[PDB]
Each structure stands twice: as structure tokens, then as C-alpha cells.
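File shown here: my_file-v2.pdb, holding PDB, C-alpha atoms.
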MODEL        1
ATOM      1  CA  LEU A   1     101.965  93.633  71.443  1.00  0.00           C
ATOM      2  CA  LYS A   2      99.951  96.739  72.349  1.00  0.00           C
ATOM      3  CA  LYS A   3     100.674  99.793  70.190  1.00  0.00           C
ATOM      4  CA  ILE A   4     101.888 103.091  71.636  1.00  0.00           C
ATOM      5  CA  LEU A   5     102.016 106.285  69.572  1.00  0.00           C
ATOM      6  CA  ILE A   6     104.484 108.863  70.852  1.00  0.00           C
ATOM      7  CA  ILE A   7     104.129 112.476  69.683  1.00  0.00           C
ATOM      8  CA  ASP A   8     107.122 114.675  70.430  1.00  0.00           C
ATOM      9  CA  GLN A   9     108.825 117.429  68.434  1.00  0.00           C
ATOM     10  CA  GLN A  10     112.134 117.083  70.258  1.00  0.00           C
ATOM     11  CA  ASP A  11     114.083 114.283  68.593  1.00  0.00           C
ATOM     12  CA  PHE A  12     116.308 113.595  71.587  1.00  0.00           C
ATOM     13  CA  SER A  13     113.457 112.995  74.020  1.00  0.00           C
ATOM     14  CA  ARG A  14     111.339 111.257  71.385  1.00  0.00           C
ATOM     15  CA  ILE A  15     114.082 108.722  70.720  1.00  0.00           C
ATOM     16  CA  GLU A  16     114.819 108.288  74.406  1.00  0.00           C
ATOM     17  CA  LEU A  17     111.171 107.451  74.994  1.00  0.00           C
ATOM     18  CA  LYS A  18     110.866 104.993  72.118  1.00  0.00           C
ATOM     19  CA  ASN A  19     114.159 103.268  72.944  1.00  0.00           C
ATOM     20  CA  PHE A  20     112.872 102.796  76.473  1.00  0.00           C
ATOM     21  CA  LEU A  21     109.431 101.575  75.375  1.00  0.00           C
ATOM     22  CA  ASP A  22     110.556  99.361  72.487  1.00  0.00           C
ATOM     23  CA  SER A  23     111.302  96.486  74.870  1.00  0.00           C
ATOM     24  CA  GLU A  24     107.660  96.237  75.941  1.00  0.00           C
ATOM     25  CA  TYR A  25     105.498  97.523  73.086  1.00  0.00           C
ATOM     26  CA  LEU A  26     105.046  98.120  69.385  1.00  0.00           C
ATOM     27  CA  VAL A  27     106.103 101.777  69.315  1.00  0.00           C
ATOM     28  CA  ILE A  28     105.189 104.378  66.680  1.00  0.00           C
ATOM     29  CA  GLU A  29     106.919 107.755  66.764  1.00  0.00           C
ATOM     30  CA  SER A  30     105.487 111.037  65.487  1.00  0.00           C
ATOM     31  CA  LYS A  31     106.905 114.566  65.604  1.00  0.00           C
ATOM     32  CA  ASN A  32     103.833 116.692  64.852  1.00  0.00           C
ATOM     33  CA  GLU A  33     100.015 116.807  64.723  1.00  0.00           C
ATOM     34  CA  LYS A  34      99.668 115.776  61.075  1.00  0.00           C
ATOM     35  CA  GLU A  35     102.090 112.877  61.412  1.00  0.00           C
ATOM     36  CA  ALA A  36     100.293 111.758  64.586  1.00  0.00           C
ATOM     37  CA  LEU A  37      96.834 111.879  62.994  1.00  0.00           C
ATOM     38  CA  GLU A  38      98.163 109.961  60.006  1.00  0.00           C
ATOM     39  CA  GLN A  39      99.712 107.305  62.228  1.00  0.00           C
ATOM     40  CA  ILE A  40      96.379 107.039  63.987  1.00  0.00           C
ATOM     41  CA  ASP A  41      94.516 106.421  60.735  1.00  0.00           C
ATOM     42  CA  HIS A  42      97.088 103.869  59.618  1.00  0.00           C
ATOM     43  CA  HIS A  43      97.767 102.016  62.859  1.00  0.00           C
ATOM     44  CA  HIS A  44      95.043 102.767  65.431  1.00  0.00           C
ATOM     45  CA  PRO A  45      97.343 102.746  68.503  1.00  0.00           C
ATOM     46  CA  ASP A  46      96.124 101.416  71.856  1.00  0.00           C
ATOM     47  CA  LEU A  47      97.646 104.272  73.796  1.00  0.00           C
ATOM     48  CA  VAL A  48      98.964 107.722  72.890  1.00  0.00           C
ATOM     49  CA  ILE A  49     101.658 109.705  74.686  1.00  0.00           C
ATOM     50  CA  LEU A  50     101.701 113.392  73.927  1.00  0.00           C
ATOM     51  CA  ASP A  51     104.522 115.709  74.783  1.00  0.00           C
ATOM     52  CA  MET A  52     103.444 119.357  75.245  1.00  0.00           C
ATOM     53  CA  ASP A  53     106.468 120.652  73.380  1.00  0.00           C
ATOM     54  CA  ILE A  54     104.661 120.066  70.086  1.00  0.00           C
ATOM     55  CA  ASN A  61      94.786 122.015  72.648  1.00  0.00           C
ATOM     56  CA  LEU A  62      96.144 119.018  70.784  1.00  0.00           C
ATOM     57  CA  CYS A  63      94.540 116.684  73.332  1.00  0.00           C
ATOM     58  CA  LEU A  64      91.171 117.913  72.130  1.00  0.00           C
ATOM     59  CA  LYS A  65      92.029 117.542  68.452  1.00  0.00           C
ATOM     60  CA  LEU A  66      93.214 113.950  68.981  1.00  0.00           C
ATOM     61  CA  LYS A  67      90.193 113.286  71.211  1.00  0.00           C
ATOM     62  CA  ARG A  68      87.985 114.793  68.509  1.00  0.00           C
ATOM     63  CA  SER A  69      89.336 112.056  66.230  1.00  0.00           C
ATOM     64  CA  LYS A  70      87.588 108.866  65.123  1.00  0.00           C
ATOM     65  CA  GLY A  71      90.465 106.518  65.865  1.00  0.00           C
ATOM     66  CA  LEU A  72      90.970 107.368  69.518  1.00  0.00           C
ATOM     67  CA  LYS A  73      87.769 105.875  70.930  1.00  0.00           C
ATOM     68  CA  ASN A  74      88.672 103.968  74.083  1.00  0.00           C
ATOM     69  CA  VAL A  75      92.320 104.931  73.650  1.00  0.00           C
ATOM     70  CA  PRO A  76      93.858 106.732  76.598  1.00  0.00           C
ATOM     71  CA  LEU A  77      96.012 109.789  76.120  1.00  0.00           C
ATOM     72  CA  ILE A  78      98.868 110.607  78.460  1.00  0.00           C
ATOM     73  CA  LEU A  79     100.228 114.139  78.476  1.00  0.00           C
ATOM     74  CA  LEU A  80     103.831 114.904  79.309  1.00  0.00           C
ATOM     75  CA  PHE A  81     104.665 118.487  80.215  1.00  0.00           C
ATOM     76  CA  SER A  82     107.610 120.496  81.496  1.00  0.00           C
ATOM     77  CA  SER A  83     107.646 123.387  83.967  1.00  0.00           C
ATOM     78  CA  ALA A  88      98.060 126.259  84.344  1.00  0.00           C
ATOM     79  CA  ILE A  89      97.253 122.651  83.554  1.00  0.00           C
ATOM     80  CA  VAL A  90      96.072 122.743  87.137  1.00  0.00           C
ATOM     81  CA  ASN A  91      94.229 125.850  86.007  1.00  0.00           C
ATOM     82  CA  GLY A  92      92.473 123.696  83.417  1.00  0.00           C
ATOM     83  CA  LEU A  93      94.517 124.372  80.280  1.00  0.00           C
ATOM     84  CA  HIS A  94      95.034 121.508  77.812  1.00  0.00           C
ATOM     85  CA  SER A  95      92.406 119.400  79.547  1.00  0.00           C
ATOM     86  CA  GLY A  96      91.041 116.318  77.822  1.00  0.00           C
ATOM     87  CA  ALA A  97      93.906 113.921  78.533  1.00  0.00           C
ATOM     88  CA  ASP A  98      93.528 110.781  80.621  1.00  0.00           C
ATOM     89  CA  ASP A  99      96.724 111.275  82.640  1.00  0.00           C
ATOM     90  CA  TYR A 100      99.403 113.944  83.168  1.00  0.00           C
ATOM     91  CA  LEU A 101     103.089 113.433  83.983  1.00  0.00           C
ATOM     92  CA  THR A 102     105.511 116.293  84.616  1.00  0.00           C
ATOM     93  CA  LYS A 103     108.963 116.213  83.055  1.00  0.00           C
ATOM     94  CA  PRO A 104     111.367 114.776  83.811  1.00  0.00           C
ATOM     95  CA  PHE A 105     109.338 111.623  84.402  1.00  0.00           C
ATOM     96  CA  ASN A 106     110.280 108.530  86.336  1.00  0.00           C
ATOM     97  CA  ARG A 107     110.532 105.910  83.599  1.00  0.00           C
ATOM     98  CA  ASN A 108     109.311 103.205  85.949  1.00  0.00           C
ATOM     99  CA  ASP A 109     106.237 105.236  86.923  1.00  0.00           C
ATOM    100  CA  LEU A 110     105.389 105.915  83.258  1.00  0.00           C
ATOM    101  CA  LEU A 111     105.670 102.230  82.453  1.00  0.00           C
ATOM    102  CA  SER A 112     103.342 101.512  85.383  1.00  0.00           C
ATOM    103  CA  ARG A 113     100.686 104.044  84.338  1.00  0.00           C
ATOM    104  CA  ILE A 114     100.841 102.855  80.747  1.00  0.00           C
ATOM    105  CA  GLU A 115     100.415  99.261  81.891  1.00  0.00           C
ATOM    106  CA  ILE A 116      97.488 100.247  84.154  1.00  0.00           C
ATOM    107  CA  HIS A 117      95.777 102.256  81.393  1.00  0.00           C
ATOM    108  CA  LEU A 118      96.138  99.391  78.893  1.00  0.00           C
ATOM    109  CA  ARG A 119      94.984  96.901  81.551  1.00  0.00           C
ATOM    110  CA  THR A 120      91.870  99.037  82.112  1.00  0.00           C
ATOM    111  CA  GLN A 121      91.486  99.138  78.337  1.00  0.00           C
ATOM    112  CA  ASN A 122      91.515  95.319  78.301  1.00  0.00           C
ATOM    113  CA  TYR A 123      89.180  95.221  81.298  1.00  0.00           C
ATOM    114  CA  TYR A 124      86.549  97.066  79.265  1.00  0.00           C
ATOM    115  CA  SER A 125      87.355  95.048  76.149  1.00  0.00           C
ATOM    116  CA  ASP A 126      86.760  91.763  77.951  1.00  0.00           C
ATOM    117  CA  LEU A 127      83.599  93.329  79.348  1.00  0.00           C
TER     118      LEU A 127
ENDMDL
END

Structure translated into C-alpha cells:
Amino acid sequence: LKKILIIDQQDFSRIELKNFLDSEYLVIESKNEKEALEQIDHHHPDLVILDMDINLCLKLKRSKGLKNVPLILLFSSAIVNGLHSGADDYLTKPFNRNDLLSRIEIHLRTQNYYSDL
């Protein structure tokens, strides 16, 4: 199973995401920056999903544990202006669960593509 780290301060949405993703992946939850970074050192996830409600993209990207690991940013209702750049993909909230699952699968597939390369 591929590993997905979710970072979200809001417990309700964090749990809704993990419950949804648990059927397909090994899912690690995190509620803040320090937890996230610690989970990265301990588990080295294959993909990271960051909810804006917690430039954290940069910080995570400036981390030796995220090499070749895509970051997906989820944000509510500026990013188009360039703020919080550094992520590999951006989904607005609420997100279509089926579209998220598709992007995740495509990003991991690309990850494998380069691994096999």
C-alpha cells in the first residue's frame, strides 16, 4: 500500500478524508506542522495532502523526506496570485472525492513511472 499523509487542523474534515482514503491506502493523519514533519521522519509517505486551514508547502518541500513526493493542497474560498506556491496540485474545497482519488492515483502512478525509470 502507498502511504498518504494528511495534514488538517479541523478534526471533522481530517477524519472524513482518512475514512474515505483508508479503503485504498495506508493513511497517516496529522493536525499541525510539527506532527506532520514528525510523521514524515518516521514514515516517509508517498504522497502528502495539505489542508490550508492549518507557506507550509515550502517548509515541507524544504524537508529531506519529501524528495519525489507530491504535495496536494486543499483550500477553501490569491493562490492564483501566487501565494502558497510550491505544491504539485491544488483542489478547492469542497472537493469531489472521486476527482481527488483520481489525482492521487495519477500522482502516485507518475511517482512509480519515475521509480521504474

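When you apply the PyMOL selection byres ((chain A and resi 101) around 10) to this structure, what comes back is residues 51, 78, 79, 80, 81, 82, 99, 100, 102, 103, 104, 105, 106, 109, 110 and 113 of chain A.
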
Print the selection's residues with C-alpha atoms to a file, as a compact mmCIF listing (two decimals), in the coordinates of the input.
# COMPACT_ATOMS: atom_id res chain seq x y z
CA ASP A 51 104.52 115.71 74.78
CA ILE A 78 98.87 110.61 78.46
CA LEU A 79 100.23 114.14 78.48
CA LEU A 80 103.83 114.90 79.31
CA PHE A 81 104.66 118.49 80.22
CA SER A 82 107.61 120.50 81.50
CA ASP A 99 96.72 111.28 82.64
CA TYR A 100 99.40 113.94 83.17
CA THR A 102 105.51 116.29 84.62
CA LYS A 103 108.96 116.21 83.06
CA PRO A 104 111.37 114.78 83.81
CA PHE A 105 109.34 111.62 84.40
CA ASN A 106 110.28 108.53 86.34
CA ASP A 109 106.24 105.24 86.92
CA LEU A 110 105.39 105.92 83.26
CA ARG A 113 100.69 104.04 84.34

Of the listed residues A:50, A:23, A:119, A:41, that which approaches residue 10 (chain A) most closely, counting all atoms listed in the file: A:50

Test item: residues at most 9 Å from residue 4 (chain A), all atoms listed in the file, excluding those fewer than 5 positions along its chain, as a short mmCIF file (atom, residue, chain, number, x, y, z; two decimals) with C-alpha atoms, in the coordinates of the input:
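Result went into part07.cif, see below:
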data_model
loop_
_atom_site.label_atom_id
_atom_site.label_comp_id
_atom_site.auth_asym_id
_atom_site.auth_seq_id
_atom_site.Cartn_x
_atom_site.Cartn_y
_atom_site.Cartn_z
CA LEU A 21 109.43 101.58 75.38
CA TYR A 25 105.50 97.52 73.09
CA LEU A 26 105.05 98.12 69.39
CA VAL A 27 106.10 101.78 69.32
CA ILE A 28 105.19 104.38 66.68
CA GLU A 29 106.92 107.76 66.76
CA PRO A 45 97.34 102.75 68.50
CA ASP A 46 96.12 101.42 71.86
CA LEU A 47 97.65 104.27 73.80
CA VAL A 48 98.96 107.72 72.89
CA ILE A 49 101.66 109.70 74.69
#

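Between CA of residue 111 (chain A) and CA of residue 17 (chain A) the interatomic distance comes to 10.6 Å.
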
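What separates CA of residue 35 (chain A) from CA of residue 107 (chain A) is a distance of 24.7 Å.
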
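In terms of minimum interatomic distance to residue 7 (chain A), A:54 ranks closest within A:19, A:54, A:38, A:66, counting only C-alpha atoms.
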
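Going from CA of residue 9 (chain A) to CA of residue 31 (chain A) covers 4.5 Å.
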
Complete region 35-66 of chain A at the level of N, CA, C and O atoms, written as a CSV table (one decimal), in the coordinates of the input.
chain,number,residue,atom,x,y,z
A,35,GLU,N,101.5,114.2,61.4
A,35,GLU,CA,102.1,112.9,61.4
A,35,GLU,C,101.2,112.0,62.3
A,35,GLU,O,100.8,110.9,61.9
A,36,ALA,N,101.1,112.5,63.6
A,36,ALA,CA,100.3,111.8,64.6
A,36,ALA,C,98.9,111.3,64.1
A,36,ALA,O,98.6,110.1,64.1
A,37,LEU,N,98.1,112.2,63.5
A,37,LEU,CA,96.8,111.9,63.0
A,37,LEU,C,97.0,110.8,61.9
A,37,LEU,O,96.1,109.9,61.8
A,38,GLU,N,98.0,110.9,61.1
A,38,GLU,CA,98.2,110.0,60.0
A,38,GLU,C,98.5,108.6,60.6
A,38,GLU,O,98.0,107.6,60.1
A,39,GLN,N,99.3,108.6,61.6
A,39,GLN,CA,99.7,107.3,62.2
A,39,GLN,C,98.5,106.7,62.9
A,39,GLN,O,98.4,105.5,62.9
A,40,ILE,N,97.6,107.5,63.4
A,40,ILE,CA,96.4,107.0,64.0
A,40,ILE,C,95.5,106.4,62.9
A,40,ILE,O,95.0,105.3,63.2
A,41,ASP,N,95.3,107.0,61.8
A,41,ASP,CA,94.5,106.4,60.7
A,41,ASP,C,95.1,105.1,60.2
A,41,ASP,O,94.4,104.1,60.0
A,42,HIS,N,96.5,105.1,60.1
A,42,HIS,CA,97.1,103.9,59.6
A,42,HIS,C,97.3,102.7,60.6
A,42,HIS,O,97.1,101.6,60.3
A,43,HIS,N,97.5,103.1,61.9
A,43,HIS,CA,97.8,102.0,62.9
A,43,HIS,C,96.8,101.8,64.0
A,43,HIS,O,96.9,100.8,64.7
A,44,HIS,N,96.0,102.8,64.3
A,44,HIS,CA,95.0,102.8,65.4
A,44,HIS,C,95.7,102.3,66.7
A,44,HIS,O,95.4,101.2,67.2
A,45,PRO,N,96.6,103.1,67.3
A,45,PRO,CA,97.3,102.7,68.5
A,45,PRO,C,96.4,102.5,69.7
A,45,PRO,O,95.3,103.1,69.8
A,46,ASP,N,96.9,101.7,70.7
A,46,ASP,CA,96.1,101.4,71.9
A,46,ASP,C,96.3,102.5,72.9
A,46,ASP,O,95.5,102.7,73.8
A,47,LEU,N,97.4,103.2,72.8
A,47,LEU,CA,97.6,104.3,73.8
A,47,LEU,C,98.5,105.3,73.1
A,47,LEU,O,99.3,105.0,72.2
A,48,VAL,N,98.3,106.6,73.5
A,48,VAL,CA,99.0,107.7,72.9
A,48,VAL,C,99.7,108.5,74.0
A,48,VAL,O,99.1,108.7,75.0
A,49,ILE,N,100.9,108.9,73.7
A,49,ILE,CA,101.7,109.7,74.7
A,49,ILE,C,102.0,111.0,74.0
A,49,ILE,O,102.6,111.0,73.0
A,50,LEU,N,101.5,112.1,74.5
A,50,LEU,CA,101.7,113.4,73.9
A,50,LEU,C,102.6,114.3,74.7
A,50,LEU,O,102.4,114.5,75.9
A,51,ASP,N,103.7,114.8,74.1
A,51,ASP,CA,104.5,115.7,74.8
A,51,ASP,C,104.1,117.1,74.4
A,51,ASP,O,103.8,117.5,73.3
A,52,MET,N,103.9,118.0,75.4
A,52,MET,CA,103.4,119.4,75.2
A,52,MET,C,104.3,120.2,74.3
A,52,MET,O,103.9,121.2,73.8
A,53,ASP,N,105.6,119.9,74.2
A,53,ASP,CA,106.5,120.7,73.4
A,53,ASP,C,106.1,120.7,71.9
A,53,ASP,O,106.7,121.4,71.2
A,54,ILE,N,105.0,120.0,71.5
A,54,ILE,CA,104.7,120.1,70.1
A,54,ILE,C,103.7,121.2,69.8
A,54,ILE,O,103.5,122.1,70.6
A,61,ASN,N,94.9,123.2,71.8
A,61,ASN,CA,94.8,122.0,72.6
A,61,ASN,C,94.8,120.8,71.8
A,61,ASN,O,93.8,120.3,71.3
A,62,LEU,N,96.0,120.2,71.6
A,62,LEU,CA,96.1,119.0,70.8
A,62,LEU,C,95.5,117.8,71.4
A,62,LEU,O,95.1,116.9,70.6
A,63,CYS,N,95.2,117.8,72.7
A,63,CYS,CA,94.5,116.7,73.3
A,63,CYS,C,93.2,116.6,72.7
A,63,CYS,O,92.7,115.6,72.3
A,64,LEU,N,92.5,117.8,72.7
A,64,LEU,CA,91.2,117.9,72.1
A,64,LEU,C,91.1,117.4,70.7
A,64,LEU,O,90.4,116.5,70.4
A,65,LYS,N,92.0,118.0,69.8
A,65,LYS,CA,92.0,117.5,68.5
A,65,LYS,C,92.1,116.0,68.3
A,65,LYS,O,91.4,115.4,67.5
A,66,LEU,N,93.0,115.4,69.0
A,66,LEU,CA,93.2,114.0,69.0
A,66,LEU,C,92.0,113.3,69.5
A,66,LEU,O,91.5,112.3,69.0
